[PDB]
Amino acid sequence: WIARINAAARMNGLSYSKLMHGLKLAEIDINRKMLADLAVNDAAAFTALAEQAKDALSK
Amino acid sequence: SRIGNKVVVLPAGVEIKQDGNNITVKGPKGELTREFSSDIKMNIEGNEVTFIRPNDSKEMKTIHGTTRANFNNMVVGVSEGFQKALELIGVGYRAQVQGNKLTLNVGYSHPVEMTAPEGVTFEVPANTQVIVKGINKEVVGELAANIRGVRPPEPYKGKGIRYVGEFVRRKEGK
Amino acid sequence: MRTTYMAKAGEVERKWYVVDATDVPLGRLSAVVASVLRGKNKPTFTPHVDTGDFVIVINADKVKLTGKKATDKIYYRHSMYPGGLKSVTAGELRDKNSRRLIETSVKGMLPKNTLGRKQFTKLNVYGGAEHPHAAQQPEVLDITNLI
Amino acid sequence: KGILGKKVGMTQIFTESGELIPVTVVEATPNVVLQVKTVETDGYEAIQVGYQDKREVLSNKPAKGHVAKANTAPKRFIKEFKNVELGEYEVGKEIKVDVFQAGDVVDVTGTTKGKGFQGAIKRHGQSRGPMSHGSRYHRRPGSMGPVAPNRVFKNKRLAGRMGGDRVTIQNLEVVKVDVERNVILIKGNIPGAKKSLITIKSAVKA
Amino acid sequence: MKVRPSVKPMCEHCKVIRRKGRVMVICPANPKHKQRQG
RNA sequence: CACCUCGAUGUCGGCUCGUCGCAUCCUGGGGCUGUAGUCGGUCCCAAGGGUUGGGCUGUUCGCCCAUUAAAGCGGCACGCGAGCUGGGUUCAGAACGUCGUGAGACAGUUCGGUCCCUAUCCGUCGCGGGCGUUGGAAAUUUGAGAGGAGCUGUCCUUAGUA
RNA sequence: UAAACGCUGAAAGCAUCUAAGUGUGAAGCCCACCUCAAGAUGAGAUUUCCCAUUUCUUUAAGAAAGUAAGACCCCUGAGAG
Ligand SMILES: [K+]
Ligand SMILES: [K+]
Ligand SMILES: [K+]
Ligand SMILES: [K+]
Ligand SMILES: [K+]
Ligand SMILES: [K+]
Ligand SMILES: [K+]
Ligand SMILES: [K+]
Ligand SMILES: [K+]
Ligand SMILES: [Mg+2]
Ligand SMILES: [Mg+2]
Ligand SMILES: [Mg+2]
Ligand SMILES: [Mg+2]
Ligand SMILES: [Mg+2]
Ligand SMILES: [Mg+2]
Ligand SMILES: [Mg+2]
Ligand SMILES: [Mg+2]
Ligand SMILES: [Mg+2]
Ligand SMILES: [Mg+2]
Ligand SMILES: [Mg+2]
Ligand SMILES: [Zn+2]
């Protein structure tokens, strides 16, 4: 799951570590299993999560 | 006290052509080209050329001096050229030039034959003296060194080919 | 629930990328290329299935060797006969057979198994700026930010 | 310069001044250039050459078709010669023994006579063990190596099939050439049994 | 050429330099003083 | 020292076969010389090849004889005994000197004294079968890679010149 | 290329074989000479030969059954074993 999430995060312009830190800041608790599932299946949903993580990181 | 800072003049009608690199010099003797460093800046006056380095780092000081020396050598060679004078000493040691070919008899069972490149010439004012004359200091020195190494001087009796005037220590072999 | 996605052979589309090695350090070029060949850049990555993309390396003759590696990095190989050790410097390999240089570097970074060797076959190295795989419609892959 | 022939046998000849020298008689029925290989079509320069006309019943349609270009009968032996001037050769051209002149220095290639399974003593010229003094070690190939490797290093030479190998003898001399009989007399001896294929080429060393 | 770990000048003419990462002592006066570090 | 091996890891020398290290014996290159020349001395680079036939002794070693360009030093279970030998170590016999009252023993010698195994696996040297190499066939081929080879004397001439 | 020797050349007005630049240099290293070699699964290349058949299933890189080019079985043998 970590590997797949990393690939998806890179495609969204972010590293896995940055994405997880951003999600923690944004209060997102979705775990790595669900994150990898979204990355493979629901690219749009994963992109929304990545946008929120980047926003939290910027703040 | 710095070769890199010292200015270089353009005597007579020596001309210089510029380019991103690969500076060229022309004059009475001929043409030359060297790919100087991209960091040393060359400033050109009507007849004077100077070199500048970006900073005072070890590398910049070193390369500044080297480029200035190289450019100065090119100019002096284009104007007057360079000559290496060799004086062979021996009972039957002799040299003779047929055009660009130098034939040396220095005691070997066979004569030694040397060929100058188009940029160099051999004078041979006498059978015991040779002068390598050219435009490029590097090539002149290299050819002169090769001629000397054919049969370098020896200490016991002074025999061999010598650079004219070079000190050659001599041993009192019993 | 056992719902993790698992890729299948042949369902996933493998693209074709062109990588320019001009003045890129050998190791860094090999690392990015190895990740691409394994498919680590795609969310569908499945360790037990090949899912990476083909890679074409151009200008292999211009790969970069920092330090004295051009003269000091030595590649050894043993014929398995007594005293049958042979060596060749990395610089000599770059000059004469650059394809072998890149391929050896990438082999070292791929897994040493059936899947790894099959993934390696998807590599294609060419000294020079032209390749014969125009039919595959490869796309440039900028790596300046990946190294 | 090169040609293919058959090792007829061995004899001797008296040269001028009466010296006696051993010669090998090699017959070479005019060989035929069957194909010319170029950098464009094959990536290297060489000429394919056929020798020893073959009965039709012994040939195949593919073989007959291949020689059809040269417009000759089927050939038993076919070999490629390199390091020659392609301009001077063309499909259908013949090569005769007169290519070589007496006194030419040549390399002769053949297939060594087959000795079959042979022991190490004969095959590799190894030393025997003592034949007396209680010795029970006569014609064996020696030790197999040190203990430490727990194995035998490669090239530990042992018994096996001997001969039948491609061997070249360098810098032989063309004693004589008989064009009418298509014969070349080469000083010395050359590998291969009688009636075997032989390849004469201009010595590379020269 | 004296190849030794310790290379030092022996007369005032001896000069210490580095070539190809090796320490060397070169003396135009006495060639016996010629030393390399090794 | 006593960590593996005492429900056994055969122990010297020699023979057969070698392979490797370079701290190089010869050959190759070079610096310095208290290097005139011929010889050399010392040091540096160099492991490609080569580096013996005998007398004595079980011997290694060593001495000697005669050669060689040289007669290198070492590792590999002081390489190699399911490859050989068995001269020595060392069994049982017997004897000498010596020790012991003695049986016996060595702080020592001498003569004589059983060396087993049909190779399953890997490994090594050769030779086939199967399939693959993407229609089925007959030939000729490039060379990724690999192996082999790699030694050296004397004489003549240059010149009795330097 | 090794040791070694340089040429030009500054750092360091000099000096300096090195930092840039450039060369000579060993029975050694890569070739050169000989042999093996595309199971080099990366299985390469060229020349030549055969020709798109029949039946049934299924759109099947389907199945089997006559063959073509060719090979082999079998038989006479050696230059091979
Ligand atoms: K034990
Ligand atoms: K040894
Ligand atoms: K010396
Ligand atoms: K050696
Ligand atoms: K003896
Ligand atoms: K035994
Ligand atoms: K054993
Ligand atoms: K086993
Ligand atoms: K093939
Ligand atoms: Mg013998
Ligand atoms: Mg092992
Ligand atoms: Mg001292
Ligand atoms: Mg204890
Ligand atoms: Mg046991
Ligand atoms: Mg050494
Ligand atoms: Mg006797
Ligand atoms: Mg032993
Ligand atoms: Mg054993
Ligand atoms: Mg008593
Ligand atoms: Mg008896
Ligand atoms: Zn001094």
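Each value in this text was obtained by applying a stated rule to the coordinates, not by laboratory testing. No Cβ is skipped: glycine too gets one built from the backbone with ideal geometry, and neighbour counts run over all protein chains shown.
Remarks
- Failed item in (1) in contact with a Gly (Cβ under 7 Å, 6 or more places away or on another chain); (2) under 19 Å from residue D:188 (Cβ atoms), with residue D:6 passing the rest: (1)
- Set B:111, B:155, B:117, B:125: member being touching a residue at least 12 places away in the same chain (Cβ under 8 Å) and either over 20 Å from the mean Cα position of the chain (by Cα) or surrounded by fewer than 12 Cβ atoms within 10 Å (Cβ to Cβ) (or both): B:155
- Check on residue A:51, charged (D, E, K, R) and in a loop (DSSP other than H, G, I, E, B): no
- Scanning the stretch E:3-38 for residues that are under 8 Å from the mean Cα position of the chain (by Cα), surrounded by 12 or more Cβ atoms within 10 Å (Cβ to Cβ) and within 25 Å of residue B:166 (Cβ to Cβ) yields E:9, E:14, E:15, E:16, E:24, E:25, E:26, E:27, E:33, E:34, E:35, E:36.
- Residues being within 27 Å of residue B:170 (Cβ to Cβ) and either hydrophobic (A, V, I, L, M, F, W, C) or within 11 Å of RNA strand F (Cβ to nearest atom) (or both) - total across the stretch E:18-31: 7
- Qualifying residues in the stretch B:29-54 (those that are in contact with a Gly (Cβ under 8 Å, 6 or more places away or on another chain) and surrounded by 12 or more Cβ atoms within 10 Å (Cβ to Cβ)) - the one farthest from residue B:137 (Cα to Cα): B:53
- Residue within the stretch B:26-42 that is of a type in the set (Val, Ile, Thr) and outside any helix (DSSP H, G or I) present: yes
- Residue within the stretch D:124-145 that is out of contact with any helix residue (DSSP H, G or I) (no Cβ under 6 Å at 6 or more places or on another chain) and touching a residue at least 40 places away in the same chain (Cβ under 8 Å) present: no
- Screening A:7, A:50 for residues that are surrounded by 13 or more Cβ atoms within 10 Å (Cβ to Cβ) and closer than 23 Å to residue C:12 by Cα leaves exactly one candidate, A:7.
- Within the stretch B:30-42, residues that are touching a residue at least 12 places away in the same chain (Cβ under 8 Å) have Cβ atoms under 8 Å from residues that are aromatic (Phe, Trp, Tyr) in these pairs: B:34/B:71; B:36/B:71; B:40/B:51; B:41/B:51; B:42/B:36; B:42/B:51; B:42/B:71, counting only partners at least 6 apart in sequence or on another chain.
- Residue D:123 vs. criteria outside any loop (DSSP other than H, G, I, E, B) and surrounded by 13 or more Cβ atoms within 10 Å (Cβ to Cβ): yes
- Residue D:156 vs. criteria touching a residue at least 12 places away in the same chain (Cβ under 8 Å), farther than 21 Å from residue D:5 by Cβ and more than 16 Å from ligand 12 (Cβ to nearest atom): yes
- Strands (runs of 3 or more DSSP E) within the stretch D:1-101 that include 2 or more residues closer than 20 Å to residue D:203 by Cα: D:2-14, D:20-27, D:46-53, D:75-82
- Selected residue (only one of D:129, D:142, D:134 is loosely packed, with under 12 Cβ neighbours inside 10 Å and either over 30 Å from residue D:94 (Cβ atoms) or within 16 Å of ligand 12 (Cβ to nearest atom) (or both)): D:134
- Single condition residue B:77 does not satisfy, out of (1) touching a residue at least 40 places away in the same chain (Cβ under 8 Å); (2) touching a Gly at 6+ places or on another chain (Cβ under 7 Å): (2)
Conditions tested, residue by residue: (1) closer than 18 Å to residue C:35 by Cβ; (2) in contact with a strand residue (DSSP E or B) (Cβ under 7 Å, 6 or more places away or on another chain); (3) within 12 Å of chain C (Cβ to nearest Cβ).
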position: A:5; (1), (2), (3): yes, no, yes
position: A:11; (1), (2), (3): yes, no, yes
position: A:23; (1), (2), (3): no, no, no
position: A:26; (1), (2), (3): no, no, no
position: A:33; (1), (2), (3): no, no, yes
position: A:42; (1), (2), (3): no, no, yes
position: A:47; (1), (2), (3): no, no, yes
position: A:52; (1), (2), (3): no, no, no
position: A:55; (1), (2), (3): no, no, no
